[PDB]
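Here the structure comes first, spelled out in structure tokens, and everything after it is commentary.
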Amino acid sequence: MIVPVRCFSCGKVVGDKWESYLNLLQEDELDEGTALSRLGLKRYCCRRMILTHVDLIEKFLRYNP
Amino acid sequence: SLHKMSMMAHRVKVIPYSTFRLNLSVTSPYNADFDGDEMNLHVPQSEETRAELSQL
Amino acid sequence: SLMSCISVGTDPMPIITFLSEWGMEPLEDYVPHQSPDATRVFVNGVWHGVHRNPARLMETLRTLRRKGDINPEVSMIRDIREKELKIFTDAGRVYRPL
Amino acid sequence: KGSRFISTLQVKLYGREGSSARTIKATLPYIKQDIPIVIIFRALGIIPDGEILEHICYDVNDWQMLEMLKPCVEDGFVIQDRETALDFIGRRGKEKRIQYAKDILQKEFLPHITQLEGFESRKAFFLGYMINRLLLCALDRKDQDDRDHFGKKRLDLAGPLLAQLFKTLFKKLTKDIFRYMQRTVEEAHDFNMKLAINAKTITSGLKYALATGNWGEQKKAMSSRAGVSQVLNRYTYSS
Amino acid sequence: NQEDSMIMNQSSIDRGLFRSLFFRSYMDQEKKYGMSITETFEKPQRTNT
Amino acid sequence: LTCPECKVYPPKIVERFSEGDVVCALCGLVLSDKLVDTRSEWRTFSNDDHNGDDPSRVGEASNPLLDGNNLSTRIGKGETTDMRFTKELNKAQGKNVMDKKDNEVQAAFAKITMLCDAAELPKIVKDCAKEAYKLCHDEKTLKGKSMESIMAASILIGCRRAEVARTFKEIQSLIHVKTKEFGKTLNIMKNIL
Amino acid sequence: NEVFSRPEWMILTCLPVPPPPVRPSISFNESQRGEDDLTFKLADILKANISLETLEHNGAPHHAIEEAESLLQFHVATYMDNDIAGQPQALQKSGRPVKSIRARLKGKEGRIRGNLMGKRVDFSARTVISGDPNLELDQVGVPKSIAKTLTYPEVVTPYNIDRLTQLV
Amino acid sequence: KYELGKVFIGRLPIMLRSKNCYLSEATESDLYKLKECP
Amino acid sequence: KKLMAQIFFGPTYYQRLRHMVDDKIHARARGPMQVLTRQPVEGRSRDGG
Ligand SMILES: [Mg+2]
Ligand SMILES: [Mg+2]
Ligand SMILES: [Zn+2]
Ligand SMILES: [Zn+2]
């Protein structure tokens, strides 16, 4: 259900880091700790942000009308 | 309402937000915890009944 | 519980057939003063008969059930102390895999 | 399997410990009072004491259990053959009563064994096993069964629950079709199949139970258990 | 936060923390009460209603 | 109601349900203090209660239009009940069943109920067929029309209104229909307003 | 007692018919009408009574009358108390047993416990509670919405006169 | 004693995902089409 | 200024339950009444006492 723009706790814009994240994991095949770091997610609040996102939107898009 | 102290008269303070706010030292007789508990208010309609409240 | 499931019910009829073909003296002509220790056989709480060598029969039953040949849903217990051998085809029994 | 003729038999041991003459009696259905064990055995063709004793007690050297049974023999002394025993049981509901006794024992007594004929020998043996088991707990050899052991408990699911409902609902239809057969044979009106079978019987019948929760007929929805069938919780996937 | 309550970050609430969607469904039948009587979906007029 | 204070022809008066008053919107005067929740009141007659536990469920609904004014209570087996009395009392009710020629013509409804369930027809259709029949059966306009075809004609009258589609040939086969007879009986009833 | 309670009055002959406020009716939508269980039960007493009257008036067949009598005895009895030991129950078509007069007074929720010893009231409010270390002991915080709904009827005196006008 | 079809009896309600149900043998892509949740 | 005590700080999965205050808040100073007893009606929904 779509990557939140901005970390709840701190406010670092996080919604622009999604597709980029998924590229590091799949295309580059880097582990999550390594991936989130490349993206610039220093503090655990921002990490919890990307690390824990469940992109349900993708499941929803599967229904036609 | 298990004993006389489960029903006590209070001084109003009209405040923002949807909750009844109370002092903590008053939690003890009511057997209240702020884990989603609810409480009741009763408004006296007489100058006589408000004295019974404020006085006893 | 997670692994848990319930019985749906089997036909006891074929299990009863294997019993009489595995050395089961039928209750109808049992003589108690002659075999006072012979282990009593039960199928869904029905005393069908009696058995002289209970251990071998039990072994045959279990290795039949682990083979699929007799339903894995069927219950099979020997009570060495009470000299009893009860079986259940019964539905409603709660079971877990081990 | 089928109908579930849920009838209960109690084999009661009378008298407390340290009390004179401790008799053993049984709860036979459609009969007013409980009947002494020996009278039931004699009603099953097992007439001498030596035989009535053999069905109950397997060891001839178990004087402890045999002395426990001595007052049961003495209590049923008056009865001494099938007819006397059967007439005895019947009066507790001549010829009218002998048949009643013959029927109760064959039809309503230990029916999980068999509902008919030649299995007297079998029904009788089970009776002995029950008494044996009873006397064991009374001699403190074996202990009272755990009324909470999960293995002696069953869980009736969607299948059994519907099966129970449908059995009563099919019997409702079957007997309404019979009623019609009489109506149409009386006037030779031709037994119109659509006029005989009322779809609504089963259709709305099952629909009720499943909708309201009262597992039974609407008649009836007062005496029938409610709680089976609830609106599915859709709070969270886990719920 | 004493006695089982708790302080929450209002700023996190804004950033979307613990927000929820709520959907309620209202249902109505246009019922028929025999040969002549029938309920009707329309904008009722205060003078004749 | 109408406001005494003002009185303009169309009385613009509001029901302030939550505050429990009937008020004059124009002047503000509350015209009534006592106000009832109708929906919650109706729920004491018609309810989820079949068990008889509910202290709220105190009444029972009826259909005046069809049942008329017949208020009756089943004598039935309760928790403690000797079957002897249930039989005795119901045996007694049988002797007291000396009902009229029309209080026995409610058995013609029992026919329509048996005919609708057989025609896989809804509850509303029955309540319409039982309605049209209860109004035309005594009629002079109908007179000595084939009684078997008069009630089958009211089933089509019920089906036409409840929008439940059924052919004349369908109802014809359902009971037994003399085509010209059940077409004439369906027209005298249709003419009966 | 010679004045208020004689043994003869333990046997009923003349039946007080309660007014509708005791047994309410609801005329819904001209094909839907709701009548109180007590009204049903009285219609049974009357139907039974009317029948026995005709039976006694006409050729009294003894056993046919004592039959009709015990039926009247029931309906009358069953209207005051439906939960009688040994007797079958008066049932409303639904399978629901008739809410007798005894039934209504009876329990906790009954006219005594639930309607007199206790009762829901007006000028009352309920919401969630939270603690405020900034409030005084004797004080209670009231959400504005509640305060705006709950009321005090202050009487106009030459003291409050100007302030009350301002509130109005 | 000497000598001289298929009838509808009622509607049984089906349990979703059972042998008789339309969704038993249904695929992921199929259910999504049926507006049902996999 | 530093807090004299050090705090146990870190993530913890928390669930937003049902029961929100505005679904519970209830006030009444007169309103609808029962026809049998003439006492107030039951339920927040029904605007009862
Ligand atoms: Mg508390
Ligand atoms: Mg506490
Ligand atoms: Zn952050
Ligand atoms: Zn006005």
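Identifiers in the structure tokens: chain A, B, ... in order shown; residue index from 1 per chain; ligand index from 1 in order shown.
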Using only C-alpha atoms, which chain D residues lie at most 7 Å away from chain F, written as a PyMOL selection string?
-> chain D and resi 194-195+198-200+221-222
Which protein, DNA or RNA residues have an atom within 8 Å of ligand 3, counting only C-alpha atoms and all ligand atoms, as a tab-separated table (two decimals) with N, CA and C atoms, in the first residue's frame?
```tsv
chain	number	residue	atom	x	y	z
A	6	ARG	N	8.43	10.41	3.09
A	6	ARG	CA	8.76	10.82	4.48
A	6	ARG	C	8.60	9.82	5.67
A	7	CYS	N	9.71	9.61	6.42
A	7	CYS	CA	9.85	8.78	7.63
A	7	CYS	C	8.99	9.37	8.75
A	8	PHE	N	8.06	8.56	9.28
A	8	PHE	CA	7.13	8.96	10.34
A	8	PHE	C	7.78	9.77	11.41
A	9	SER	N	8.81	9.19	12.03
A	9	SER	CA	9.54	9.73	13.16
A	9	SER	C	10.28	11.04	12.92
A	10	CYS	N	11.29	11.01	11.99
A	10	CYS	CA	12.26	12.08	11.66
A	10	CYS	C	11.94	13.03	10.52
A	11	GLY	N	11.25	12.55	9.48
A	11	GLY	CA	10.88	13.38	8.33
A	11	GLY	C	11.76	13.32	7.09
A	12	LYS	N	12.76	12.41	7.05
A	12	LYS	CA	13.61	12.27	5.85
A	12	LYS	C	12.68	11.78	4.76
A	41	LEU	N	19.95	5.81	4.13
A	41	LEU	CA	19.15	5.61	5.33
A	41	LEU	C	20.03	5.25	6.50
A	43	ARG	N	19.81	6.48	10.05
A	43	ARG	CA	19.14	6.23	11.32
A	43	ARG	C	18.07	5.16	11.22
A	44	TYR	N	17.95	4.29	12.28
A	44	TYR	CA	16.98	3.19	12.31
A	44	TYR	C	15.56	3.53	12.05
A	45	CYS	N	15.15	4.78	12.27
A	45	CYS	CA	13.77	5.19	11.98
A	45	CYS	C	13.52	5.12	10.47
A	46	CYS	N	14.44	5.68	9.67
A	46	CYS	CA	14.33	5.67	8.22
A	46	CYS	C	14.49	4.28	7.67
A	47	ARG	N	15.32	3.42	8.31
A	47	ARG	CA	15.58	2.04	7.87
A	47	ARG	C	14.31	1.20	8.03
A	49	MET	N	11.53	2.27	8.03
A	49	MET	CA	10.63	2.78	7.00
A	49	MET	C	10.64	1.92	5.73
```
Close residues to ligand 2 using only C-alpha atoms and all ligand atoms, limit 10 Å, as JSON, numbers by chain | {"B": [27, 28, 30, 31, 32, 33, 34, 35], "E": [3, 4]}
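As for CA of residue 172 in chain F and CA of residue 152 in chain F, they are spaced 7.9 Å apart.
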B:23, B:2, B:37, B:8: which is nearest ligand 1, counting only C-alpha atoms and all ligand atoms?
->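 With only C-alpha atoms and all ligand atoms as the atom set, the closest residue is B:37.
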